[PDB]
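Q: give me coordinates for this.
(chains A, B, C and D, ligands or ions: 1)
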Amino acid sequence: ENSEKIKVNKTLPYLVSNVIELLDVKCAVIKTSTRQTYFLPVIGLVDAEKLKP
Amino acid sequence: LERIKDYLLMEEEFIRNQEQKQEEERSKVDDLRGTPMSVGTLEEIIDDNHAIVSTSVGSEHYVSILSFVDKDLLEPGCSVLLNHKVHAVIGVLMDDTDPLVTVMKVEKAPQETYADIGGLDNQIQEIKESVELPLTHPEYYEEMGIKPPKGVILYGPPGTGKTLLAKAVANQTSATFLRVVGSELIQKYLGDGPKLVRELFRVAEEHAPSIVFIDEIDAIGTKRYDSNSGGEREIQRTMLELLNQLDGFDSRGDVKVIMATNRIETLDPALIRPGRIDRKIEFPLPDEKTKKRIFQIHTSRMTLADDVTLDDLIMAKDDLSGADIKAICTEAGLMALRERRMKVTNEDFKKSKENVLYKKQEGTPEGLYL
Amino acid sequence: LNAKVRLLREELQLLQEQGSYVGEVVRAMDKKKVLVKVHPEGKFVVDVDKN
Amino acid sequence: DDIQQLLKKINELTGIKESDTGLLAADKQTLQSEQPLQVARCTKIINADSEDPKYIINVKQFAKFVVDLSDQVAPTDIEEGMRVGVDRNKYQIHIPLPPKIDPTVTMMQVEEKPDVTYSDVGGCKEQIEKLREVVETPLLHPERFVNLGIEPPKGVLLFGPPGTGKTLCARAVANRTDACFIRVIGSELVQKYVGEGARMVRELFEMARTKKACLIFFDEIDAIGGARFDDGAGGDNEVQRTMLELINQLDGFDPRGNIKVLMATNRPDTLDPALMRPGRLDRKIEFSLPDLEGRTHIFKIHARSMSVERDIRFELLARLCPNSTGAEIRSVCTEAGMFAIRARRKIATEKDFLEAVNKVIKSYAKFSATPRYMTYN
Ligand SMILES: Nc1ncnc2c1ncn2[C@@H]1O[C@H](COP(=O)(O)OP(=O)(O)OP(=O)(O)O)[C@@H](O)[C@H]1O
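A: Residues are numbered from 1 along each chain as shown, chains lettered A, B, ... in the order given. The coordinates are given below.
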């Protein structure tokens, strides 16, 4: 998982950007720098509590 | 029935206009160039031949240039052509001006020389010395030491044919004629419209001797009044760019401006100043002698009865414009056709003047008073 | 008659082909090259078809 | 009809001629290597991290990309806040990119020198003197100002009736400036995108700051949003932001520093109050209609090139011009030559100018210039 995480951050489509909001069914909504908003059913590899809206 | 020969000449001319690769070198360039090539701005030049190129997508990757004909023409702000996929500079930069500017250029003038115009001979003299004469005989101006006047304004009441003088200039001009209305700068986008004024002038400089006609200049520049309501016309910015082009730093090279306004008082003082309009031409309503020539020219190519008295119509009614004379001649022909006479009687001309002049009502009680 | 109707459906295999972009020609140059601006993109030099 | 046939026959002959007429190593080995060579799209670095650098770069509209350095690069060479080129396929900074020149701002710089001496401008010695110590003497000899401990104004506004000579003086300063002269295109500052022009104004000052001692000529200040009605409609909101950006960069929180600003306006009243306020523009050099000594001098300079009889009296001609701008006086000289050309006399005479003086002023609908009223004698 760590090797995939390193490759994805390095990859061009990582698109790091702020989370618009935090949701629970544990979920997140992220607006990428491309200005496209995506809702992820799983909040992500990083801890949900650690993540801040 | 000589019309058939004339129609054939027109069709043949269109056919002539319609009828207007290296074994290895061209084929190699054809392979090098993509089937689709996208043209984009050049931002930076690098000696390695990989030069940054700006694009609508903004991919500015340094890209190699391999132009067989020449690659030394690259300059900042040049529109380079790039492959759709590789994005390398394909070759010599595309060199075409904006489409709106292309429409203004005129290659054919329908009217002939100053012959059709009658009684504006003083006005013809001024336009010729400013426009036709400097090009035909440049030596006279140099010997005098005078630099030829480059700007003219034609101001007159409606229907004095200020445009006719401009059409006549187009008929006999070495210079490329760009015909742009003053009301053709309504660009909605903020900016763009002042930039279009810059575009028209840059093309004129590119074509070297050029004559610019701006009919109805009242719309582009009037008063330079304050924003007031705060709508902000932005037209004042457009006029200021024209003012800059005519005499605002640098030089105008060899471009001559002809401008026509029904009302000259409204026009802002800065635009109508020596250095932007060195010579000013006034078209007055035709008097008697000028009317005689115009009436003859309009009736020259129509059947005329001996009975008709051209002098009687001109002397009896005073105030009719040169255009009004043409309308009387067209109306008189229609009046005769009603009686099925191709020939035009004096009676027809008398009826015609009355019909054309029915909308012109002027004056109040200023009769007994003075 | 049945062959004709099924052949029309075989003709409908054409609907699958992707539509060509619609663009306005800014100007034309010689050697089968035209300058056409794409409707949402930028100027493209294109190779004219034989037709 | 036969003559028309001759032209049609000529066209047919041309048609027959057209139909009858119908009946470098770069393009070689280099192309084979060039097609494989990959592209590197430009992007701007914003930050760096410890251990794996993981530099995060905004492409220019795409996204913040966490791209590692390319294998064939030096980590020290890649720097924070530096333009870089990242290959899309390899997602790494293959080569760093040099800082953007921003050529449009570079284009406005005069670069060339207009060939007009101060001698050609005439009848405004006082206006020339005022410009000299805000443009040439402070830059050429700053020591004198320092000796009195007096700072130069560092700003100038030229205003006057149209055709007075405001721009002519400005081109003359450009000829002998001995420092960068930056003529500003007013239309260029207005831009389609919101505040895109405001970004350019920051660049204008940045370019000015990089060069040492430079003068920026904002001719037609009215074009650069020189008003602040700022109404609720806010039609000029984009330009108003551009104007304010110029005002702050001009002065406040560290001003021009070494930049002298020359602004020329036909209508001074329209200019926004904040720009008019001094500090932004300390001097207010208004150009004025020339006096009789000035009117004679402008006539003499304009007519020196023209061939004329040596006995002409410019003083009489200037007197006959009651209130004439320099351009109108130039118009009299050119018009006088045109009358001589009309009569085909190579050497002009005093009478030719008098006819021109009537033509340039009286013949124009001034009304005051042409007298039908006996009223006063
Ligand atoms: N004092 C003068 N000495 C010499 N030439 C002059 C003088 N005043 C005006 N001119 C002439 O007028 C023109 C110079 O006009 P200039 O470039 O100064 O713009 P302007 O008309 O004053 O500016 P604006 O349109 O903004 O009011 C040239 O033809 C120049 O020869």
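Q: so which residue is smack in the middle of chain C?
A: Centroid-nearest residue in chain C: residue C:20, 4.3 Å away (criterion: CA atoms, centre = their mean).
Q: quick one, what contacts the residue of chain B found nearest chain D?
A: Nearest to chain D in chain B, going by CB to the nearest CB, is residue B:230, at a distance of 2.6 Å. For the C-beta atoms, the positions are set from N, CA and C on the backbone; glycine is no exception. Going by CB atoms under 8 Å, 6 or more residues apart in numbering or on different chains, residue B:230 touches D:229-233, D:235-236.
Q: go again with 10 Å.
A: Taking CB atoms under 10 Å, 6 or more residues apart in numbering or on different chains, we find residue B:230 in contact with D:227, D:229-236.
Q: and the residues you listed, which two are furthest apart?
A: Greatest spacing in the contacts of residue B:230, by CB to CB: D:227 and D:232 (15.7 Å).
Q: which residue ranges of the chain form helices?
A: If you meant another chain, say so; for now it's chain A. A:2-10 (DSSP state H).
Q: switch to chain C, please.
A: Secondary structure of chain C (DSSP H): helices at C:2-11.
Q: so where do the strands sit in it?
A: Remark: strands assigned in chain C by DSSP state E are C:23-29, C:33-38, C:43-47.
Q: now do the longest one: distance to the chain's middle.
A: This points to strand C:23-29. With CA atoms, centre = their mean, to the nearest Å as the basis, strand C:23-29 stands 15 Å off its chain's centre.
Q: now the angle between strand C:43-47 and it, please.
A: Angle, strand C:23-29 to strand C:43-47, by axes from the mean of the first three to the mean of the last three CA atoms, to 10 degrees: 70 degrees.
Q: mind giving me the packing neighbours of strand C:23-29?
A: The helices and strands touching strand C:23-29, judged by 3 or more CB pairs under 10 Å, 6 or more residues apart in numbering or on different chains; DSSP states H and E, are helix B:99-104, strand C:33-38, strand C:43-47.
Q: next one: the last one
A: For strand C:43-47, the helices and strands in contact under the criterion 3+ CB pairs under 10 Å, 6+ apart are strand B:37-41, strand B:79-83, strand C:23-29, strand C:33-38.
Q: between these, which gets nearest to residue B:210?
A: Closest of the helices and strands packed on strand C:43-47 to residue B:210 is strand C:23-29, at 20.0 Å (criterion: CB to CB).
Q: give me the residues contacting that closest one.
A: By CB under 10 Å, 6+ apart, strand C:23-29 touches B:94, B:96-99, B:102, C:34-41, C:43-46, C:48.
Q: can you do 6 Å?
A: B:96, B:99, C:34-39 (CB atoms under 6 Å, 6 or more residues apart in numbering or on different chains).
Q: could you list the buried residues of that strand?
A: Going by neighbour count (16 or more other CB atoms under 10 Å in any protein chain shown), the buried part of strand C:23-29 is residue C:23.
Q: what are the pairing partners of that strand, and which direction each?
A: Paired with strand C:23-29 in the same sheet, following DSSP bridges, are strand C:33-38 (antiparallel).
Q: thinking again about what came up before, out of the helices and strands packed on strand C:23-29, deepest packed?
A: strand C:43-47 (a mean of 18; mean count of other CB atoms under 10 Å in any protein chain shown).
Q: what residues are bridge-paired with the spatially closest residue to residue B:75 that is not a sequence neighbour?
A: Excluding the flanking residues, the one nearest residue B:75 by CB to CB, 6 or more residues apart in numbering or on different chains is residue B:42, at 7.1 Å. Counting by DSSP bridges, residue B:42 is bridged to residue B:53.
Q: any idea how far the ligand is from residue B:42?
A: Counting by CB to the nearest ligand atom, to the nearest Å, the separation of residue B:42 from the ligand is 33 Å.
Q: wait, that residue sits on residue B:78?
A: Yes - between residue B:42 and residue B:78 there is a contact under CB atoms under 6 Å: 4.9 Å.
Q: what does chain D have sitting close to chain A?
A: D:63-66, D:68, D:91 (CB under 6 Å from any CB of the partner chain).
Q: what residues does the stretch 151-300 of chain D have near chain C?
A: Contacts of the stretch 151-300 of chain D with chain C, taken as CB under 6 Å from any CB, are absent.
Q: likewise for the stretch 51-200 of chain B?
A: Contact residues, the stretch 51-200 of chain B versus chain C (CB under 6 Å from any CB): B:56, B:96, B:99.
Q: and the second one, what does it touch?
A: Read that as residue B:96. Counting by CB under 6 Å, 6+ apart, residue B:96 makes contact with residue C:27.
Q: for it, give me phi and psi.
A: The phi/psi pair for residue B:96 (degrees, to the nearest 10) reads phi -130, psi 140.
Q: so for residue D:227 and residue D:232, which sits in the more crowded spot?
A: residue D:227 (22 against 6; other CB atoms under 10 Å in any protein chain shown).
Q: apart from its neighbours in sequence, what residue is nearest residue B:35?
A: Closest to residue B:35 by CB to CB, 6+ apart is residue C:47, at 5.5 Å.
Q: does the one you found touch residue B:34 like I think?
A: No - contact criterion CB under 6 Å: residue C:47 and residue B:34 do not qualify, at 9.8 Å.
Q: before we move on, back to that, return the member of the residues of chain D next to chain A nearest to chain C.
A: Nearest member of the residues of chain D next to chain A to chain C, counting by CB to the nearest CB, is residue D:63, at 20.6 Å.
Q: tell me how far the closest residue in space to residue B:225 that isn't next to it in sequence lies from residue D:270.
A: Nearest residue to residue B:225, sequence neighbours excluded (CB to CB, 6+ apart): residue B:236, at 7.9 Å. Between residue B:236 and residue D:270 the distance is 9 Å, computed by CB to CB, to the nearest Å.
Q: tell me the contacts of the one residue in the stretch 101-250 of chain B that gets nearest to chain C?
A: In the stretch 101-250 of chain B, the residue that lies nearest chain C is residue B:102 (7.2 Å; CB to the nearest CB). With contact set as CB under 6 Å, 6+ apart, residue B:102 has no partners.
Q: buried ones only from the contacts of residue B:230, please, as a ChimeraX command.
A: To isolate the buried ones among the contacts of residue B:230 in ChimeraX, judged by 16+ other CB under 10 Å, type:
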select /D:227,229,230,235,236
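Q: need the contacts of residue B:230 in TSV (columns: distance to chain B).
A: Below are those laid out as TSV (distance: CB to the nearest CB, whole Å):
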residue	distance to chain B
D:227	6
D:229	5
D:230	8
D:231	3
D:232	8
D:233	6
D:234	8
D:235	4
D:236	4
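Q: which single one of the contacts of strand C:23-29 is nearest to residue B:157?
A: The closest of the contacts of strand C:23-29 to residue B:157 turns out to be residue B:99 (CB to CB; 36.0 Å).
Q: list the contacts for that closest one?
A: By CB under 6 Å, 6+ apart, residue B:99 lies in contact with residue C:26.
Q: distance of it from residue B:255?
A: 21 Å.
Q: so residue B:270: helix, strand or coil?
A: coil (DSSP: H, G, I helix; E, B strand; the rest coil).
Q: would you point out which residue of chain A is nearest the ligand?
A: Of all residues in chain A, residue A:35 sits closest to the ligand, at 44.5 Å by CB to the nearest ligand atom.
Q: related to what we said a few turns ago, what number of residues lie near the residue nearest to residue B:75?
A: Look at residue B:42: counted by other CB under 10 Å, it has 22 neighbours.
Q: for residue B:79, same thing?
A: By other CB under 10 Å, neighbour count at residue B:79 equals 14.
Q: now residue D:51
A: 5.
Q: same thing with residue B:254?
A: 16.
Q: ok, now which ones touch it?
A: So residue B:254 contacts residue B:209 (CB under 6 Å, 6+ apart).
Q: count of neighbours near residue 49?
A: Going with chain A. Count around residue A:49 with other CB under 10 Å applied: 8.
Q: to clarify, I was referring to chain C.
A: The number of residues packed near residue C:49 is 6, by other CB under 10 Å.
Q: please apply the same query to residue D:361.
A: Neighbours around residue D:361, by other CB under 10 Å: 21.
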